[PDB]
Amino acid sequence: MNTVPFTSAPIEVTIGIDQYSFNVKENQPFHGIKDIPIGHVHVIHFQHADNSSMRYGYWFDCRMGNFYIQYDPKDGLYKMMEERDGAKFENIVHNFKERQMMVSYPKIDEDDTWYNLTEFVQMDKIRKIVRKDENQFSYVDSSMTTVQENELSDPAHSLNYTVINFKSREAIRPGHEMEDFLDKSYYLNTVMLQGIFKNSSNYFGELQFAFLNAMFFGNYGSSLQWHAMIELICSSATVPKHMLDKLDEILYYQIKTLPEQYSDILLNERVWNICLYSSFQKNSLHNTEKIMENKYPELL
Amino acid sequence: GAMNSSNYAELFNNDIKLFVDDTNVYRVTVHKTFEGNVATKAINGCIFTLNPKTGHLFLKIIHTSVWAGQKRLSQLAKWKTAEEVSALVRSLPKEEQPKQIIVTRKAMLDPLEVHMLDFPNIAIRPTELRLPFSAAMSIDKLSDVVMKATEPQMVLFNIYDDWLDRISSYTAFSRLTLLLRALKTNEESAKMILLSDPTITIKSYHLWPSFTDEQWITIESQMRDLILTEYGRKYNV
Ligand SMILES: O=C(O)[C@H]1CS[C@H](c2cccnc2)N1
């Protein structure tokens with residue numbers, strides 16, 4: 001187990017940790033989150049009560065350091081920091097009075113959801129999408145644009161997702177225009193998988209990261225990326241068999257977790273209708289189709 | 001896009017543009033088979049690529065061999081159109097390459113955009129006008145060269161004949177679209193209007209008769225009358 005101490009909670013806020021969330025009132029005695037499992041990545045996210053504009057948060061790996069949250073009254077946000085002195089942190093965190101002012105990570109044993117949602121997400125790859133090398137943790141917020149969006153305005157504050165653009169020279173071989181536009185297999189297999197991502201794990205990891213950024217922060221560029229990476233697979237006639245099978249599982253857990261009241265804003269009707277009912281891989285997404293149809297029929 | 005409401009004069013400015021109409025690329029006759037079924041036979045078609053400022057028509061003849069052994073021909077036809085339009089642009093010196101290509105049907109956008117990815121500064125867009133370019137094959141000399149082709153062939157025409165010696169491109173385009181709309185609406189009567197005077201002929205190197213300015217005014221009036229008459233007949237007005 002690991003712990004995320006908060007110096008204080010000076011402003012009223014909704015705090016999320018992985019898929020869980022709770023409220024903290026202004027100046028409430030709150031010193032953080034206890035009982036967090038290791039091994040994965042995590043995300044802690046915030047939305048201020050008095051201004052629900054800007055959701056923001058931090059992706060982090062407890063294995064990489066001792067992290068804590070302190071409110072910055074100048075910048076007006078909860079900031080993640082690393083405590084270099086493991087002895088002071090062990091002393092703050094084993095402090096019995098201190099854990100009386102914290103919330104417990106409430107993992108139900110049957111629940112494998114967070115691993116299911118983050119299996120292929122890795123901090124090292126996150127820190128390549130979110131470029132801030134002085135910190136072991138990565139900040140993301142609701143407003144951040146993607147590099148691809150910027151190419152259509154602060155490069156330091158951008159999500160450096162892999163550019164996926166169906167109408168680009170990268171996606172289309174000269175002499176194979178119709179073929180490659182109607183069947184994205186070249187773009188998926190040769191360009192993206194062999195060329196850029198190197199393997200399907202890195203691809204799925206960015207797909208999962210994009211989804212989670214879209215869901216936790218309402219980050220629109222991340223939503224676009226998630227949908228694009230799904231559509232690229234579904235619109236390919238040739239996809240390894242393990243990838244489709246694994247894709248069905250990945251999407252199923254994403255759709256299952258998605259807030260029911262967030263469907264009008266996090267799901268692109270065109271893309272989902274295409275993937276489920278018109279695409280080469282329509283029949284390879286059995287479990288995703290079933291949860292979509294029985295959870296979001298209005299969209300289909 | 002607009003291209004209407006007093007902003008359609010730009011069509012005839014000095015930025016090079018081409019209209020691309022694919023309506024006559026994939027053409028078929030429909031007949032009954034022996035067993036009783038119905039079968040199509042393809043016939044030669046054409047891509048209609050027009051510079052509205054200069055009247056330069058790039059008529060790419062689509063020979064029926066293009067379709068042999070191919071599936072989903074209506075889809076292929078848009079992609080064949082885009083490949084040929086792209087090839088045309090590439091064949092032209094940079095100073096003659098269009099700044100805009102205006103496709104008459106939205107279905108041509110993606111095939112053309114994809115074939116034109118090497119030309120990022122060429123705008124591709126759907127027309128806002130209803131254009132009668134499908135009636136191009138009612139122009140006898142165009143139909144003749146398409147139906148006689150035994151292979152792929154590009155033929156160049158000035159669809160305005162010598163009119164720009166006397167009128168503006170804006171006026172020529174209006175005359176052209178009036179003629180074509182009349183040919184589309186009542187082809188046999190429009191052709192009789194154009195042939196009413198045996199002493200007024202079509203030059204060997206022209207498509208249209210050699211009307212004087214006043215004769216064109218009369219002809220245009222007759223074409224407008226033809227179009228309005230057909231409207232009345234069709235809608236019982
Ligand atoms: O210096 C630190 O390492 C941080 C970690 S959490 C913390 C703290 C401070 C004051 C009250 N509770 C917790 N101080």
# chains A, B, ... in the order shown; residues from 1 in each chain; ligands from 1
call {"tool": "residues_around", "arguments": {"residues": "residue 82 (chain A)", "least_positions_apart": "5", "cutoff": "7 Å", "atoms": "only C-alpha atoms", "output": "count of residues only"}}
result
4
call {"tool": "residues_near_ligand", "arguments": {"ligand": "ligand 1", "cutoff": "9 Å", "atoms": "only C-alpha atoms and all ligand atoms", "output": "number ranges by chain"}}
result
A: 4-8, 30-32, 66-70, 81-86, 88-90, 92-93, 98
call {"tool": "closest_residue", "arguments": {"among": "A:166, A:296, A:277, A:253", "to": "residue 114 (chain B)", "atoms": "only C-alpha atoms"}}
result
A:166
call {"tool": "closest_atom_pairs", "arguments": {"of": "chain B", "to": "chain A", "cutoff": "7 Å", "atoms": "only C-alpha atoms", "output": "tab-separated table"}}
result
residue	atom	partner	partner_atom	distance
B:79	CA	A:178	CA	6.4
B:114	CA	A:167	CA	6.0
B:115	CA	A:177	CA	6.2
B:117	CA	A:169	CA	6.3
call {"tool": "atom_distance", "arguments": {"atom1": "CA of residue 15 (chain A)", "atom2": "CA of residue 295 (chain A)"}}
result
26.4 Å
call {"tool": "residues_around", "arguments": {"residues": "residue 152 (chain B)", "least_positions_apart": "4", "cutoff": "8 Å", "atoms": "only C-alpha atoms", "output": "NGL selection string"}}
result
:B and (60-63)
call {"tool": "atom_distance", "arguments": {"atom1": "CA of residue 91 (chain A)", "atom2": "CA of residue 103 (chain A)"}}
result
18.0 Å
call {"tool": "residues_around", "arguments": {"residues": "residue 239 (chain A)", "least_positions_apart": "4", "cutoff": "9 Å", "atoms": "only C-alpha atoms", "output": "number ranges by chain"}}
result
A: 185, 188-189, 233-234, 243-244, 281
call {"tool": "closest_residue", "arguments": {"among": "A:278, A:3, A:143, A:273", "to": "residue 102 (chain A)", "atoms": "only C-alpha atoms"}}
result
A:3
call {"tool": "residues_around", "arguments": {"residues": "region 201-218 of chain A", "least_positions_apart": "5", "cutoff": "6 Å", "atoms": "only C-alpha atoms", "output": "tab-separated table (two decimals) with C-alpha atoms, in the first residue's frame"}}
result
chain	number	residue	atom	x	y	z
A	55	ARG	CA	-10.48	19.87	-14.20
A	120	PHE	CA	-0.99	-0.87	-21.19
A	121	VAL	CA	-0.53	2.64	-19.76
A	141	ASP	CA	-5.95	19.35	-17.55
A	142	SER	CA	-9.21	19.90	-19.39
A	223	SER	CA	-11.38	12.12	-26.91
A	226	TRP	CA	-9.20	7.75	-28.44
call {"tool": "select_by_dssp", "arguments": {"residues": "region 101-218 of chain A", "states": "strand (DSSP E or B)", "output": "ChimeraX atom specification"}}
result
/A:102-104,130,138-141,145-146,158-159
call {"tool": "write_last_selection", "arguments": {"atoms": "C-alpha atoms", "output": "mmCIF file, in the first residue's frame"}}
result
data_model
loop_
_atom_site.group_PDB
_atom_site.id
_atom_site.type_symbol
_atom_site.label_atom_id
_atom_site.label_comp_id
_atom_site.auth_asym_id
_atom_site.auth_seq_id
_atom_site.Cartn_x
_atom_site.Cartn_y
_atom_site.Cartn_z
ATOM 1 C CA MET A 102 -7.163 10.777 5.366
ATOM 2 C CA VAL A 103 -9.562 8.675 3.224
ATOM 3 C CA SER A 104 -8.929 5.005 2.407
ATOM 4 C CA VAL A 130 3.202 15.017 -21.441
ATOM 5 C CA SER A 138 2.666 14.339 -15.293
ATOM 6 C CA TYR A 139 0.118 17.140 -15.193
ATOM 7 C CA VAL A 140 -2.953 17.056 -17.456
ATOM 8 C CA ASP A 141 -5.947 19.349 -17.555
ATOM 9 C CA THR A 145 -4.543 20.793 -26.685
ATOM 10 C CA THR A 146 -2.842 18.043 -28.625
ATOM 11 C CA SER A 158 0.425 20.181 -25.135
ATOM 12 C CA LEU A 159 -0.484 16.512 -25.311
#
call {"tool": "select_by_dssp", "arguments": {"residues": "region 99-192 of chain B", "states": "alpha helix (DSSP H)", "output": "PyMOL selection string"}}
result
chain B and resi 109-115+140-148+169-185+187-192
call {"tool": "write_last_selection", "arguments": {"atoms": "N, CA, C and O atoms", "output": "compact mmCIF listing (two decimals), in the first residue's frame"}}
result
# COMPACT_ATOMS: atom_id res chain seq x y z
N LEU B 109 -15.39 14.62 -52.89
CA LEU B 109 -14.45 15.36 -52.04
C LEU B 109 -13.33 14.46 -51.50
O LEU B 109 -12.15 14.80 -51.58
N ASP B 110 -13.70 13.38 -50.82
CA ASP B 110 -12.67 12.54 -50.22
C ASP B 110 -11.77 11.91 -51.27
O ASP B 110 -10.53 11.95 -51.12
N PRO B 111 -12.29 11.33 -52.36
CA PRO B 111 -11.38 10.76 -53.35
C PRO B 111 -10.43 11.80 -53.90
O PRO B 111 -9.23 11.53 -54.07
N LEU B 112 -10.92 13.02 -54.17
CA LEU B 112 -10.03 14.03 -54.72
C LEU B 112 -9.04 14.51 -53.65
O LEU B 112 -7.85 14.68 -53.94
N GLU B 113 -9.53 14.77 -52.43
CA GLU B 113 -8.62 15.21 -51.38
C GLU B 113 -7.48 14.20 -51.20
O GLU B 113 -6.31 14.58 -51.16
N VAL B 114 -7.81 12.91 -51.24
CA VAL B 114 -6.80 11.88 -51.02
C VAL B 114 -5.83 11.82 -52.17
O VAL B 114 -4.62 11.73 -51.95
N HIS B 115 -6.32 11.92 -53.40
CA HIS B 115 -5.38 11.90 -54.51
C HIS B 115 -4.56 13.19 -54.59
O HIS B 115 -3.53 13.22 -55.25
N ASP B 140 -22.95 17.75 -79.33
CA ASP B 140 -22.68 16.69 -80.28
C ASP B 140 -21.21 16.39 -80.42
O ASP B 140 -20.80 15.23 -80.51
N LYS B 141 -20.39 17.42 -80.54
CA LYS B 141 -19.00 17.16 -80.83
C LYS B 141 -18.31 16.54 -79.63
O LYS B 141 -17.29 15.86 -79.79
N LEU B 142 -18.82 16.78 -78.42
CA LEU B 142 -18.26 16.10 -77.26
C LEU B 142 -18.69 14.65 -77.23
O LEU B 142 -17.87 13.74 -77.04
N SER B 143 -19.99 14.41 -77.40
CA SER B 143 -20.49 13.06 -77.44
C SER B 143 -19.79 12.25 -78.51
O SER B 143 -19.41 11.11 -78.27
N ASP B 144 -19.62 12.82 -79.71
CA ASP B 144 -18.97 12.08 -80.78
C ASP B 144 -17.58 11.64 -80.38
O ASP B 144 -17.20 10.49 -80.60
N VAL B 145 -16.77 12.53 -79.79
CA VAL B 145 -15.39 12.13 -79.54
C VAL B 145 -15.34 11.09 -78.42
O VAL B 145 -14.51 10.17 -78.45
N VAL B 146 -16.25 11.18 -77.45
CA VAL B 146 -16.32 10.17 -76.40
C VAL B 146 -16.74 8.81 -76.97
O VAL B 146 -16.12 7.79 -76.68
N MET B 147 -17.79 8.78 -77.78
CA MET B 147 -18.29 7.48 -78.25
C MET B 147 -17.39 6.85 -79.30
O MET B 147 -17.44 5.64 -79.50
N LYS B 148 -16.56 7.63 -79.97
CA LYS B 148 -15.63 7.05 -80.93
C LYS B 148 -14.32 6.54 -80.31
O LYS B 148 -13.65 5.71 -80.93
N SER B 169 -15.94 36.63 -69.12
CA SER B 169 -16.04 35.21 -68.68
C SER B 169 -17.34 35.02 -67.89
O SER B 169 -17.72 33.86 -67.74
N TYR B 170 -17.68 36.01 -67.05
CA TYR B 170 -18.94 35.92 -66.24
C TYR B 170 -20.13 35.71 -67.17
O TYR B 170 -20.97 34.86 -66.88
N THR B 171 -20.20 36.48 -68.24
CA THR B 171 -21.32 36.43 -69.19
C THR B 171 -21.25 35.11 -69.96
O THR B 171 -22.30 34.56 -70.19
N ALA B 172 -20.07 34.68 -70.37
CA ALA B 172 -19.89 33.43 -71.10
C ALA B 172 -20.35 32.25 -70.26
O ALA B 172 -20.95 31.30 -70.74
N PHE B 173 -20.00 32.27 -68.97
CA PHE B 173 -20.38 31.16 -68.13
C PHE B 173 -21.88 31.08 -68.01
O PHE B 173 -22.44 29.99 -68.00
N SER B 174 -22.54 32.25 -67.89
CA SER B 174 -23.98 32.29 -67.82
C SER B 174 -24.59 31.77 -69.09
O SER B 174 -25.54 31.00 -69.05
N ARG B 175 -24.04 32.17 -70.24
CA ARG B 175 -24.55 31.63 -71.49
C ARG B 175 -24.37 30.12 -71.53
O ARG B 175 -25.30 29.38 -71.86
N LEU B 176 -23.17 29.65 -71.20
CA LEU B 176 -22.91 28.22 -71.16
C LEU B 176 -23.93 27.51 -70.28
O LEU B 176 -24.48 26.48 -70.67
N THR B 177 -24.10 27.95 -69.02
CA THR B 177 -25.01 27.22 -68.14
C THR B 177 -26.45 27.32 -68.61
O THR B 177 -27.21 26.38 -68.41
N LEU B 178 -26.84 28.40 -69.28
CA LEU B 178 -28.17 28.47 -69.85
C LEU B 178 -28.34 27.44 -70.97
O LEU B 178 -29.35 26.75 -71.05
N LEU B 179 -27.35 27.37 -71.87
CA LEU B 179 -27.41 26.39 -72.96
C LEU B 179 -27.49 24.98 -72.40
O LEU B 179 -28.30 24.16 -72.83
N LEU B 180 -26.62 24.67 -71.46
CA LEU B 180 -26.59 23.32 -70.92
C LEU B 180 -27.86 22.99 -70.16
O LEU B 180 -28.29 21.85 -70.17
N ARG B 181 -28.39 23.95 -69.38
CA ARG B 181 -29.64 23.71 -68.67
C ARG B 181 -30.78 23.43 -69.65
O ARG B 181 -31.60 22.55 -69.42
N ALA B 182 -30.83 24.16 -70.76
CA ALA B 182 -31.84 23.92 -71.77
C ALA B 182 -31.68 22.53 -72.40
O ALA B 182 -32.67 21.83 -72.60
N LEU B 183 -30.42 22.14 -72.69
CA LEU B 183 -30.15 20.83 -73.24
C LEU B 183 -30.54 19.74 -72.27
O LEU B 183 -31.10 18.71 -72.64
N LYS B 184 -30.28 19.98 -70.99
CA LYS B 184 -30.73 19.02 -70.00
C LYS B 184 -32.26 18.92 -69.89
O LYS B 184 -32.80 17.84 -69.68
N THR B 185 -32.97 20.04 -69.99
CA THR B 185 -34.39 20.09 -69.72
C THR B 185 -35.23 19.62 -70.90
O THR B 185 -36.28 18.97 -70.73
N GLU B 187 -33.77 18.40 -74.53
CA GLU B 187 -32.60 18.36 -75.40
C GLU B 187 -32.99 18.57 -76.86
O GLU B 187 -32.38 19.37 -77.57
N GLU B 188 -33.98 17.83 -77.35
CA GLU B 188 -34.39 17.89 -78.77
C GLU B 188 -34.87 19.30 -79.14
O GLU B 188 -34.49 19.74 -80.20
N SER B 189 -35.64 19.98 -78.30
CA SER B 189 -36.04 21.34 -78.64
C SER B 189 -34.89 22.33 -78.56
O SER B 189 -34.82 23.28 -79.36
N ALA B 190 -34.00 22.19 -77.56
CA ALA B 190 -32.87 23.08 -77.49
C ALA B 190 -31.99 22.95 -78.72
O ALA B 190 -31.49 23.96 -79.26
N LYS B 191 -31.80 21.71 -79.21
CA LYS B 191 -31.00 21.53 -80.42
C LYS B 191 -31.66 22.17 -81.64
O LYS B 191 -30.98 22.81 -82.45
N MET B 192 -32.99 22.14 -81.70
CA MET B 192 -33.67 22.78 -82.83
C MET B 192 -33.54 24.30 -82.76
O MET B 192 -33.46 24.95 -83.79
call {"tool": "closest_residue", "arguments": {"among": "B:211, B:53, B:105, B:216", "to": "residue 164 (chain B)", "atoms": "only C-alpha atoms"}}
result
B:53
call {"tool": "residues_around", "arguments": {"residues": "region 118-134 of chain B", "least_positions_apart": "2", "cutoff": "6 Å", "atoms": "only C-alpha atoms", "output": "PyMOL selection string"}}
result
chain B and resi 23+99-104+106+116+136+180-181
call {"tool": "atom_distance", "arguments": {"atom1": "CA of residue 203 (chain B)", "atom2": "CA of residue 149 (chain B)"}}
result
22.0 Å
call {"tool": "decode", "arguments": {"residues": "region 17-151 of chain B", "atoms": "C-alpha atoms", "output": "PDB file, in the first residue's frame"}}
result
ATOM      1  CA  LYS B  17     -10.009  27.351 -60.521  1.00  0.00           C
ATOM      2  CA  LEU B  18     -11.417  24.217 -62.115  1.00  0.00           C
ATOM      3  CA  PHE B  19     -14.897  22.705 -61.909  1.00  0.00           C
ATOM      4  CA  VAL B  20     -14.792  18.884 -61.895  1.00  0.00           C
ATOM      5  CA  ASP B  21     -18.000  17.028 -62.867  1.00  0.00           C
ATOM      6  CA  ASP B  22     -17.958  13.233 -62.668  1.00  0.00           C
ATOM      7  CA  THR B  23     -21.587  12.618 -63.631  1.00  0.00           C
ATOM      8  CA  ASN B  24     -20.635  11.155 -67.050  1.00  0.00           C
ATOM      9  CA  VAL B  25     -17.646   9.041 -65.976  1.00  0.00           C
ATOM     10  CA  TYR B  26     -19.477   5.758 -65.416  1.00  0.00           C
ATOM     11  CA  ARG B  27     -22.258   5.418 -67.971  1.00  0.00           C
ATOM     12  CA  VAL B  28     -24.350   2.324 -68.681  1.00  0.00           C
ATOM     13  CA  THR B  29     -27.249   1.194 -70.839  1.00  0.00           C
ATOM     14  CA  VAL B  30     -29.840  -1.117 -69.238  1.00  0.00           C
ATOM     15  CA  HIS B  31     -31.278  -4.082 -71.178  1.00  0.00           C
ATOM     16  CA  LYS B  32     -32.905  -7.476 -70.577  1.00  0.00           C
ATOM     17  CA  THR B  33     -30.869 -10.701 -70.732  1.00  0.00           C
ATOM     18  CA  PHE B  34     -31.849 -14.049 -72.289  1.00  0.00           C
ATOM     19  CA  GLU B  35     -33.002 -15.789 -69.094  1.00  0.00           C
ATOM     20  CA  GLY B  36     -35.130 -12.667 -68.497  1.00  0.00           C
ATOM     21  CA  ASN B  37     -32.762 -10.793 -66.170  1.00  0.00           C
ATOM     22  CA  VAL B  38     -31.622  -7.204 -66.727  1.00  0.00           C
ATOM     23  CA  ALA B  39     -27.988  -6.410 -67.482  1.00  0.00           C
ATOM     24  CA  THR B  40     -25.998  -3.216 -67.835  1.00  0.00           C
ATOM     25  CA  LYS B  41     -23.434  -2.544 -70.520  1.00  0.00           C
ATOM     26  CA  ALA B  42     -20.946   0.214 -69.852  1.00  0.00           C
ATOM     27  CA  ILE B  43     -20.327   2.831 -72.488  1.00  0.00           C
ATOM     28  CA  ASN B  44     -17.500   5.320 -72.746  1.00  0.00           C
ATOM     29  CA  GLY B  45     -17.692   8.266 -70.406  1.00  0.00           C
ATOM     30  CA  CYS B  46     -15.762  11.415 -69.623  1.00  0.00           C
ATOM     31  CA  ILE B  47     -14.505  13.632 -66.856  1.00  0.00           C
ATOM     32  CA  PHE B  48     -15.620  17.231 -67.376  1.00  0.00           C
ATOM     33  CA  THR B  49     -12.902  19.559 -66.003  1.00  0.00           C
ATOM     34  CA  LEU B  50     -13.572  23.211 -66.786  1.00  0.00           C
ATOM     35  CA  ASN B  51     -11.775  26.499 -66.187  1.00  0.00           C
ATOM     36  CA  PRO B  52     -14.717  28.961 -65.965  1.00  0.00           C
ATOM     37  CA  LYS B  53     -12.532  31.981 -66.591  1.00  0.00           C
ATOM     38  CA  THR B  54     -10.885  30.801 -69.812  1.00  0.00           C
ATOM     39  CA  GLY B  55     -13.408  28.223 -71.052  1.00  0.00           C
ATOM     40  CA  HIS B  56     -10.651  25.624 -71.211  1.00  0.00           C
ATOM     41  CA  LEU B  57     -12.233  22.189 -70.970  1.00  0.00           C
ATOM     42  CA  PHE B  58     -10.068  19.156 -70.216  1.00  0.00           C
ATOM     43  CA  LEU B  59     -12.271  16.303 -71.419  1.00  0.00           C
ATOM     44  CA  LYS B  60     -10.747  13.034 -70.217  1.00  0.00           C
ATOM     45  CA  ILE B  61     -12.406  10.207 -72.062  1.00  0.00           C
ATOM     46  CA  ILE B  62     -13.061   7.200 -69.821  1.00  0.00           C
ATOM     47  CA  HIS B  63     -12.921   4.150 -72.051  1.00  0.00           C
ATOM     48  CA  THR B  64     -15.036   1.181 -70.956  1.00  0.00           C
ATOM     49  CA  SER B  65     -11.856  -0.966 -70.573  1.00  0.00           C
ATOM     50  CA  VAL B  66     -11.237   0.945 -67.308  1.00  0.00           C
ATOM     51  CA  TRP B  67     -14.108  -0.967 -65.703  1.00  0.00           C
ATOM     52  CA  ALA B  68     -13.159  -4.441 -66.879  1.00  0.00           C
ATOM     53  CA  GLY B  69     -12.887  -6.916 -64.038  1.00  0.00           C
ATOM     54  CA  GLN B  70     -13.635  -4.252 -61.453  1.00  0.00           C
ATOM     55  CA  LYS B  71     -16.170  -4.318 -58.634  1.00  0.00           C
ATOM     56  CA  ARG B  72     -18.333  -1.566 -57.163  1.00  0.00           C
ATOM     57  CA  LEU B  73     -18.011   0.623 -60.216  1.00  0.00           C
ATOM     58  CA  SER B  74     -19.907   3.643 -58.929  1.00  0.00           C
ATOM     59  CA  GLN B  75     -17.364   3.875 -56.074  1.00  0.00           C
ATOM     60  CA  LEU B  76     -14.403   3.185 -58.327  1.00  0.00           C
ATOM     61  CA  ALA B  77     -15.594   5.885 -60.727  1.00  0.00           C
ATOM     62  CA  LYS B  78     -15.105   8.634 -58.147  1.00  0.00           C
ATOM     63  CA  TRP B  79     -11.606   7.367 -57.401  1.00  0.00           C
ATOM     64  CA  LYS B  80     -10.815   7.047 -61.124  1.00  0.00           C
ATOM     65  CA  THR B  81     -11.999  10.649 -61.562  1.00  0.00           C
ATOM     66  CA  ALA B  82      -9.738  11.795 -58.735  1.00  0.00           C
ATOM     67  CA  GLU B  83      -6.733   9.894 -60.075  1.00  0.00           C
ATOM     68  CA  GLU B  84      -7.189  11.514 -63.495  1.00  0.00           C
ATOM     69  CA  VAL B  85      -7.768  15.016 -62.121  1.00  0.00           C
ATOM     70  CA  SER B  86      -4.673  14.638 -59.953  1.00  0.00           C
ATOM     71  CA  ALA B  87      -2.721  13.419 -62.979  1.00  0.00           C
ATOM     72  CA  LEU B  88      -3.943  16.463 -64.901  1.00  0.00           C
ATOM     73  CA  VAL B  89      -2.828  18.905 -62.186  1.00  0.00           C
ATOM     74  CA  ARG B  90       0.560  17.194 -61.974  1.00  0.00           C
ATOM     75  CA  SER B  91       0.988  17.425 -65.780  1.00  0.00           C
ATOM     76  CA  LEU B  92       0.503  21.209 -65.665  1.00  0.00           C
ATOM     77  CA  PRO B  93       3.266  23.730 -64.928  1.00  0.00           C
ATOM     78  CA  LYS B  94       2.990  25.231 -61.467  1.00  0.00           C
ATOM     79  CA  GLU B  95       1.743  28.557 -62.788  1.00  0.00           C
ATOM     80  CA  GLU B  96      -1.202  26.767 -64.498  1.00  0.00           C
ATOM     81  CA  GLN B  97      -2.142  24.549 -61.525  1.00  0.00           C
ATOM     82  CA  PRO B  98      -5.456  25.506 -59.903  1.00  0.00           C
ATOM     83  CA  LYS B  99      -5.725  27.236 -56.555  1.00  0.00           C
ATOM     84  CA  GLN B 100      -9.210  25.710 -56.166  1.00  0.00           C
ATOM     85  CA  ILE B 101     -10.970  22.660 -57.497  1.00  0.00           C
ATOM     86  CA  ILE B 102     -14.805  22.807 -57.183  1.00  0.00           C
ATOM     87  CA  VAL B 103     -16.465  19.407 -57.453  1.00  0.00           C
ATOM     88  CA  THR B 104     -20.036  19.299 -58.537  1.00  0.00           C
ATOM     89  CA  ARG B 105     -20.924  16.395 -56.201  1.00  0.00           C
ATOM     90  CA  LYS B 106     -19.878  16.095 -52.532  1.00  0.00           C
ATOM     91  CA  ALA B 107     -19.108  12.418 -53.041  1.00  0.00           C
ATOM     92  CA  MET B 108     -15.989  13.503 -55.015  1.00  0.00           C
ATOM     93  CA  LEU B 109     -14.452  15.360 -52.041  1.00  0.00           C
ATOM     94  CA  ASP B 110     -12.666  12.540 -50.220  1.00  0.00           C
ATOM     95  CA  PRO B 111     -11.379  10.758 -53.348  1.00  0.00           C
ATOM     96  CA  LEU B 112     -10.027  14.025 -54.716  1.00  0.00           C
ATOM     97  CA  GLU B 113      -8.624  15.211 -51.384  1.00  0.00           C
ATOM     98  CA  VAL B 114      -6.803  11.877 -51.019  1.00  0.00           C
ATOM     99  CA  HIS B 115      -5.377  11.901 -54.512  1.00  0.00           C
ATOM    100  CA  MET B 116      -4.375  15.573 -54.097  1.00  0.00           C
ATOM    101  CA  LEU B 117      -2.419  15.216 -50.831  1.00  0.00           C
ATOM    102  CA  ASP B 118       0.775  16.215 -52.693  1.00  0.00           C
ATOM    103  CA  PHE B 119      -0.838  19.658 -53.294  1.00  0.00           C
ATOM    104  CA  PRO B 120      -1.721  20.956 -49.830  1.00  0.00           C
ATOM    105  CA  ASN B 121      -2.360  24.517 -51.015  1.00  0.00           C
ATOM    106  CA  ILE B 122      -5.024  23.504 -53.576  1.00  0.00           C
ATOM    107  CA  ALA B 123      -8.446  24.021 -51.965  1.00  0.00           C
ATOM    108  CA  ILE B 124     -10.986  21.269 -52.744  1.00  0.00           C
ATOM    109  CA  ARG B 125     -14.589  22.185 -52.203  1.00  0.00           C
ATOM    110  CA  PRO B 126     -18.394  21.069 -53.334  1.00  0.00           C
ATOM    111  CA  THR B 127     -20.229  23.557 -55.568  1.00  0.00           C
ATOM    112  CA  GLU B 128     -23.137  25.634 -54.082  1.00  0.00           C
ATOM    113  CA  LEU B 129     -24.573  26.110 -57.592  1.00  0.00           C
ATOM    114  CA  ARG B 130     -26.793  23.558 -59.324  1.00  0.00           C
ATOM    115  CA  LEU B 131     -24.752  23.167 -62.457  1.00  0.00           C
ATOM    116  CA  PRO B 132     -25.994  21.447 -65.581  1.00  0.00           C
ATOM    117  CA  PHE B 133     -22.617  19.922 -66.584  1.00  0.00           C
ATOM    118  CA  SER B 134     -24.229  16.494 -66.779  1.00  0.00           C
ATOM    119  CA  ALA B 135     -25.644  17.703 -70.123  1.00  0.00           C
ATOM    120  CA  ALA B 136     -22.145  17.951 -71.594  1.00  0.00           C
ATOM    121  CA  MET B 137     -22.816  14.792 -73.626  1.00  0.00           C
ATOM    122  CA  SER B 138     -25.696  16.579 -75.287  1.00  0.00           C
ATOM    123  CA  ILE B 139     -23.045  18.676 -77.080  1.00  0.00           C
ATOM    124  CA  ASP B 140     -22.684  16.689 -80.283  1.00  0.00           C
ATOM    125  CA  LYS B 141     -18.995  17.159 -80.831  1.00  0.00           C
ATOM    126  CA  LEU B 142     -18.257  16.105 -77.259  1.00  0.00           C
ATOM    127  CA  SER B 143     -20.495  13.057 -77.442  1.00  0.00           C
ATOM    128  CA  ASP B 144     -18.975  12.082 -80.780  1.00  0.00           C
ATOM    129  CA  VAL B 145     -15.390  12.131 -79.537  1.00  0.00           C
ATOM    130  CA  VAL B 146     -16.317  10.170 -76.400  1.00  0.00           C
ATOM    131  CA  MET B 147     -18.288   7.484 -78.250  1.00  0.00           C
ATOM    132  CA  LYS B 148     -15.630   7.046 -80.935  1.00  0.00           C
ATOM    133  CA  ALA B 149     -12.684   6.578 -78.520  1.00  0.00           C
ATOM    134  CA  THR B 150     -11.141   3.119 -78.559  1.00  0.00           C
ATOM    135  CA  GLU B 151      -8.680   3.920 -75.733  1.00  0.00           C
TER     136      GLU B 151
END
